[PDB]
>>> print(open('final30.cif').read())   # mmCIF, C-alpha atoms and all ligand atoms
data_model
#
loop_
_atom_site.label_atom_id
_atom_site.label_comp_id
_atom_site.auth_asym_id
_atom_site.auth_seq_id
_atom_site.Cartn_x
_atom_site.Cartn_y
_atom_site.Cartn_z
CA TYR A 1 54.71 122.87 42.20
CA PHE A 2 53.86 120.11 39.63
CA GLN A 3 56.13 117.03 40.13
CA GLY A 4 56.24 116.03 36.43
CA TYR A 5 54.96 112.91 34.59
CA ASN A 6 56.94 109.67 34.90
CA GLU A 7 59.28 109.42 31.82
CA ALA A 8 58.61 105.67 31.22
CA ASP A 9 54.80 106.36 31.33
CA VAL A 10 55.20 109.20 28.75
CA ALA A 11 57.46 106.98 26.57
CA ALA A 12 54.84 104.14 26.62
CA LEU A 13 52.12 106.67 25.73
CA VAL A 14 54.29 107.78 22.72
CA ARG A 15 54.93 104.12 21.61
CA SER A 16 51.12 103.46 21.70
CA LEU A 17 50.64 106.23 19.01
CA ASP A 18 52.45 103.97 16.41
CA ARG A 19 49.48 102.26 14.62
CA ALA A 20 49.27 99.60 11.86
CA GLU A 21 46.15 101.58 10.70
CA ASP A 22 48.57 104.44 9.72
CA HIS A 23 50.96 101.90 8.06
CA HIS A 24 53.58 102.84 10.74
CA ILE A 25 54.68 105.91 8.60
CA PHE A 26 55.26 108.09 11.75
CA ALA A 27 57.45 105.45 13.52
CA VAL A 28 60.89 106.36 12.07
CA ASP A 29 62.70 109.46 10.72
CA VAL A 30 61.70 110.00 7.03
CA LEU A 31 65.38 110.65 6.05
CA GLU A 32 66.48 107.38 7.73
CA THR A 33 63.98 105.38 5.51
CA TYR A 34 64.66 107.52 2.37
CA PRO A 35 68.11 109.21 2.56
CA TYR A 36 67.90 110.64 -1.04
CA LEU A 37 64.87 112.83 -0.01
CA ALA A 38 67.20 114.99 2.25
CA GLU A 39 67.51 118.04 -0.09
CA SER A 40 63.90 118.01 -1.42
CA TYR A 41 62.16 117.11 1.91
CA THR A 42 64.21 119.55 4.15
CA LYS A 43 63.32 122.39 1.67
CA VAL A 44 59.57 121.80 2.40
CA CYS A 45 60.07 120.58 6.05
CA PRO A 46 63.05 122.29 7.78
CA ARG A 47 62.01 120.62 11.11
CA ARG A 48 61.21 116.88 11.52
CA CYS A 49 60.10 114.50 14.21
CA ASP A 50 58.86 110.94 14.50
CA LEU A 51 57.66 108.56 17.24
CA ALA A 52 61.06 106.79 17.76
CA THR A 53 62.67 110.23 18.36
CA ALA A 54 59.70 111.36 20.53
CA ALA A 55 59.94 108.13 22.63
CA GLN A 56 63.68 108.78 23.20
CA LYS A 57 62.89 112.46 24.03
CA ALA A 58 60.22 111.26 26.51
CA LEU A 59 62.89 109.15 28.30
CA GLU A 60 65.11 112.33 28.59
CA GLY A 61 62.31 114.20 30.45
CA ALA A 62 61.57 116.48 27.40
CA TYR A 63 57.78 116.39 27.98
CA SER A 64 57.41 115.42 31.68
CA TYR A 65 57.22 119.02 33.08
CA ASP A 66 54.41 120.23 30.70
CA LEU A 67 51.10 119.97 32.71
CA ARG A 68 49.08 119.20 29.55
CA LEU A 69 51.99 117.60 27.57
CA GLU A 70 52.08 120.74 25.30
CA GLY A 71 55.59 119.88 23.96
CA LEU A 72 54.58 116.36 22.91
CA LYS A 73 51.43 117.71 21.20
CA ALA A 74 53.63 120.19 19.22
CA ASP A 75 55.90 117.29 18.13
CA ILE A 76 52.84 115.27 17.06
CA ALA A 77 51.47 118.35 15.21
CA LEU A 78 54.89 118.74 13.40
CA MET A 79 54.77 115.04 12.27
CA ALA A 80 51.26 115.43 10.84
CA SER A 81 51.94 118.93 9.39
CA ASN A 82 55.03 117.69 7.44
CA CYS A 83 53.12 114.71 6.01
CA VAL A 84 50.30 116.97 4.76
CA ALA A 85 52.80 119.54 3.33
CA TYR A 86 55.18 117.12 1.60
CA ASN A 87 52.67 114.62 0.16
CA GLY A 88 49.87 117.16 -0.52
CA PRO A 89 46.58 118.08 1.26
CA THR A 90 44.51 115.94 -1.21
CA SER A 91 46.89 112.90 -0.90
CA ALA A 92 45.72 109.67 0.80
CA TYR A 93 48.39 109.79 3.54
CA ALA A 94 47.47 113.48 4.37
CA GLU A 95 44.10 112.00 5.55
CA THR A 96 46.06 109.36 7.51
CA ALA A 97 48.03 112.31 9.03
CA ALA A 98 44.83 114.09 10.21
CA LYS A 99 43.46 110.81 11.74
CA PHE A 100 46.77 110.05 13.43
CA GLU A 101 46.92 113.60 14.95
CA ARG A 102 43.29 113.38 16.16
CA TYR A 103 43.95 109.91 17.72
CA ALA A 104 47.24 111.04 19.29
CA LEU A 105 45.69 114.20 20.82
CA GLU A 106 42.83 112.13 22.35
CA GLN A 107 45.36 109.65 23.84
CA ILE A 108 47.47 112.54 25.25
CA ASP A 109 44.38 114.30 26.79
CA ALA A 110 43.28 110.89 28.25
CA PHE A 111 46.78 110.43 29.78
CA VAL A 112 46.65 113.93 31.31
CA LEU A 113 43.13 113.25 32.76
CA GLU A 114 44.30 109.81 34.15
CA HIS A 115 47.62 111.09 35.67
CA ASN A 116 45.92 114.16 37.37
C1 LIG A 201 57.80 111.41 2.35
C2 LIG A 201 57.58 110.02 2.81
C3 LIG A 201 56.14 109.79 3.30
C4 LIG A 201 55.92 110.47 4.63
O1 LIG A 201 55.42 111.57 4.72
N1 LIG A 201 56.28 109.74 5.74
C5 LIG A 201 56.09 110.35 7.06
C6 LIG A 201 56.84 108.44 5.65
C7 LIG A 201 57.50 107.74 6.64
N2 LIG A 201 57.75 106.43 6.58
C8 LIG A 201 57.37 105.81 5.45
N3 LIG A 201 57.41 104.44 5.39
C9 LIG A 201 57.67 103.52 6.42
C10 LIG A 201 58.63 103.74 7.40
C11 LIG A 201 58.81 102.83 8.42
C12 LIG A 201 58.05 101.65 8.48
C13 LIG A 201 58.38 100.71 9.61
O2 LIG A 201 59.41 100.86 10.27
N4 LIG A 201 57.50 99.72 9.88
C14 LIG A 201 57.80 98.65 10.83
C15 LIG A 201 58.54 97.52 10.14
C16 LIG A 201 58.79 96.37 11.13
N5 LIG A 201 57.53 95.89 11.70
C17 LIG A 201 57.77 94.74 12.58
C18 LIG A 201 56.88 96.97 12.43
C19 LIG A 201 56.54 98.14 11.50
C20 LIG A 201 57.10 101.40 7.49
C21 LIG A 201 56.90 102.32 6.47
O3 LIG A 201 56.00 102.18 5.44
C22 LIG A 201 55.30 100.94 5.33
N6 LIG A 201 56.79 106.39 4.39
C23 LIG A 201 56.49 107.70 4.46
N7 LIG A 201 55.86 108.35 3.40
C24 LIG A 201 55.01 107.61 2.44
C25 LIG A 201 55.46 107.60 0.99
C26 LIG A 201 54.23 107.24 0.23
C27 LIG A 201 53.14 107.98 0.91
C28 LIG A 201 53.53 108.04 2.40
#
>>> encode(input="final30.cif", output="structure tokens", more="lines below")
Ligand SMILES: CC[C@@H]1C(=O)N(C)c2cnc(Nc3ccc(C(=O)NC4CCN(C)CC4)cc3OC)nc2N1C1CCCC1
Amino acid sequence: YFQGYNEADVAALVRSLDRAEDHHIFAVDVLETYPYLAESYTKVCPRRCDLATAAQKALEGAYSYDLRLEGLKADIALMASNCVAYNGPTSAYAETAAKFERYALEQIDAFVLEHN
């Protein structure tokens, strides 16, 4: 009968995943920053997410009922997967994507261990 994680705590966890080290490229929707990529980018990435959308989702209770924040991890994995796919696995920001995902997953697992 898990009670669920506090929405504001999950939203602050999400906000903390937006790093200057990653040049803030996961902070905002890619098509909001570059509207003319819509056709080309949606062909490679039919699903998108970003940390401003994930923070707003966290405040709606989208992730609060997952015991190990599985839904948030899938949204983080989508962000990193799209970056690797669109830019290329040997691109410089595909390495940033793998580091971001690894950092984010450690911060999520730490949150779950703290709020248990
Ligand atoms: C397909 C595009 C590709 C990609 O995959 N993603 C995800 C992407 C997402 N966002 C961006 N760019 C930025 C988007 C938002 C911000 C931003 O909002 N920063 C804030 C500004 C105000 N400040 C007080 C706080 C930080 C900065 C960005 O770049 C510096 N570029 C992206 N690239 C890059 C293209 C060349 C290789 C990577």
>>> closest_residue(input="final30.cif", among="A:85, A:58, A:51, A:28", to="residue 4 in chain A", atoms="all atoms listed in the file")
A:58
>>> atom_distance(input="final30.cif", atom1="CA of residue 99 in chain A", atom2="CA of residue 84 in chain A")
11.6 Å
>>> closest_atom_pairs(input="final30.cif", of="chain A", to="ligand LIG 201 (chain A)", cutoff="8 Å", atoms="all atoms listed in the file", output="CSV")
residue,atom,partner,partner_atom,distance
A:20,CA,A:LIG201,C19,7.4
A:23,CA,A:LIG201,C22,5.2
A:24,CA,A:LIG201,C20,5.0
A:25,CA,A:LIG201,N2,3.7
A:26,CA,A:LIG201,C5,5.3
A:27,CA,A:LIG201,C11,5.9
A:28,CA,A:LIG201,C11,5.5
A:29,CA,A:LIG201,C7,6.8
A:30,CA,A:LIG201,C7,4.8
A:33,CA,A:LIG201,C10,5.9
A:34,CA,A:LIG201,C2,7.5
A:37,CA,A:LIG201,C1,7.6
A:41,CA,A:LIG201,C1,7.2
A:50,CA,A:LIG201,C5,8.0
A:79,CA,A:LIG201,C5,7.1
A:80,CA,A:LIG201,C5,8.0
A:82,CA,A:LIG201,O1,6.7
A:83,CA,A:LIG201,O1,4.1
A:84,CA,A:LIG201,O1,7.4
A:86,CA,A:LIG201,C1,6.3
A:87,CA,A:LIG201,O1,6.1
A:92,CA,A:LIG201,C27,7.6
A:93,CA,A:LIG201,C28,5.5
>>> axis_aligned_box(input="final30.cif", around="range 8-19 of chain A", padding_each_side="3 Å", output="JSON")
{"center_x": 54.0, "center_y": 105.7, "center_z": 23.0, "size_x": 15.1, "size_y": 12.9, "size_z": 22.7}
>>> atom_distance(input="final30.cif", atom1="CA of residue 81 in chain A", atom2="CA of residue 66 in chain A")
21.5 Å
>>> residues_around(input="final30.cif", residues="residue 62 in chain A", least_positions_apart="3", cutoff="9 Å", atoms="all atoms listed in the file", output="JSON, numbers by chain")
{"A": [7, 54, 57, 58, 59, 65, 66, 71, 72]}
>>> closest_residue(input="final30.cif", among="A:55, A:103, A:115, A:91", to="residue 12 in chain A", atoms="only C-alpha atoms")
A:55
>>> atom_distance(input="final30.cif", atom1="CA of residue 106 in chain A", atom2="CA of residue 46 in chain A")
26.9 Å
>>> closest_residue(input="final30.cif", among="A:77, A:45, A:97, A:13", to="residue 109 in chain A", atoms="only C-alpha atoms")
A:13
>>> closest_residue(input="final30.cif", among="A:104, A:74, A:67, A:110", to="residue 14 in chain A", atoms="all atoms listed in the file")
A:104
>>> residues_near_point(input="final30.cif", point="(54.7, 112.2, 36.9)", cutoff="12 Å", atoms="only C-alpha atoms", output="list in words")
residues 1, 2, 3, 4, 5, 6, 7, 8, 9, 10, 11, 58, 61, 63, 64, 65, 66, 67, 68, 69, 111, 112, 114, 115 and 116 of chain A
>>> residues_around(input="final30.cif", residues="residue 22 in chain A", least_positions_apart="3", cutoff="7 Å", atoms="all atoms listed in the file", output="MDAnalysis selection string")
chainID A and resid 19 25 96 100
>>> closest_residue(input="final30.cif", among="A:16, A:73, A:56, A:47", to="residue 31 in chain A", atoms="all atoms listed in the file")
A:47
>>> build_atoms(input="final30.cif", residues="range 41-53 of chain A", atoms="N, CA and C atoms", output="mmCIF file, keeping the file's coordinate frame")
data_model
loop_
_atom_site.group_PDB
_atom_site.id
_atom_site.type_symbol
_atom_site.label_atom_id
_atom_site.label_comp_id
_atom_site.auth_asym_id
_atom_site.auth_seq_id
_atom_site.Cartn_x
_atom_site.Cartn_y
_atom_site.Cartn_z
ATOM 1 N N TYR A 41 63.036 117.159 0.740
ATOM 2 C CA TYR A 41 62.160 117.110 1.910
ATOM 3 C C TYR A 41 62.509 118.221 2.945
ATOM 4 N N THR A 42 63.813 118.498 3.188
ATOM 5 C CA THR A 42 64.210 119.550 4.150
ATOM 6 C C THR A 42 63.842 120.965 3.618
ATOM 7 N N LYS A 43 63.745 121.130 2.283
ATOM 8 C CA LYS A 43 63.320 122.390 1.670
ATOM 9 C C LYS A 43 61.838 122.690 2.045
ATOM 10 N N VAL A 44 60.980 121.663 2.047
ATOM 11 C CA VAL A 44 59.570 121.800 2.400
ATOM 12 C C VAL A 44 59.397 121.728 3.944
ATOM 13 N N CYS A 45 60.178 120.846 4.609
ATOM 14 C CA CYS A 45 60.070 120.580 6.050
ATOM 15 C C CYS A 45 61.418 120.798 6.730
ATOM 16 N N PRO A 46 61.741 122.049 7.143
ATOM 17 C CA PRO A 46 63.050 122.290 7.780
ATOM 18 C C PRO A 46 63.176 121.637 9.170
ATOM 19 N N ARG A 47 62.032 121.286 9.815
ATOM 20 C CA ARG A 47 62.010 120.620 11.110
ATOM 21 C C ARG A 47 61.303 119.256 10.933
ATOM 22 N N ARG A 48 61.825 118.201 11.573
ATOM 23 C CA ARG A 48 61.210 116.880 11.520
ATOM 24 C C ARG A 48 61.079 116.311 12.901
ATOM 25 N N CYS A 49 60.217 115.321 13.017
ATOM 26 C CA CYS A 49 60.100 114.500 14.210
ATOM 27 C C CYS A 49 59.401 113.236 13.840
ATOM 28 N N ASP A 50 59.484 112.242 14.713
ATOM 29 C CA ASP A 50 58.860 110.940 14.500
ATOM 30 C C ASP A 50 58.696 110.281 15.869
ATOM 31 N N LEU A 51 57.981 109.159 15.944
ATOM 32 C CA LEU A 51 57.660 108.560 17.240
ATOM 33 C C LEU A 51 58.858 107.862 17.896
ATOM 34 N N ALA A 52 59.865 107.387 17.123
ATOM 35 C CA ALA A 52 61.060 106.790 17.760
ATOM 36 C C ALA A 52 61.896 107.899 18.436
ATOM 37 N N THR A 53 62.007 109.069 17.772
ATOM 38 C CA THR A 53 62.670 110.230 18.360
ATOM 39 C C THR A 53 61.856 110.752 19.550
#
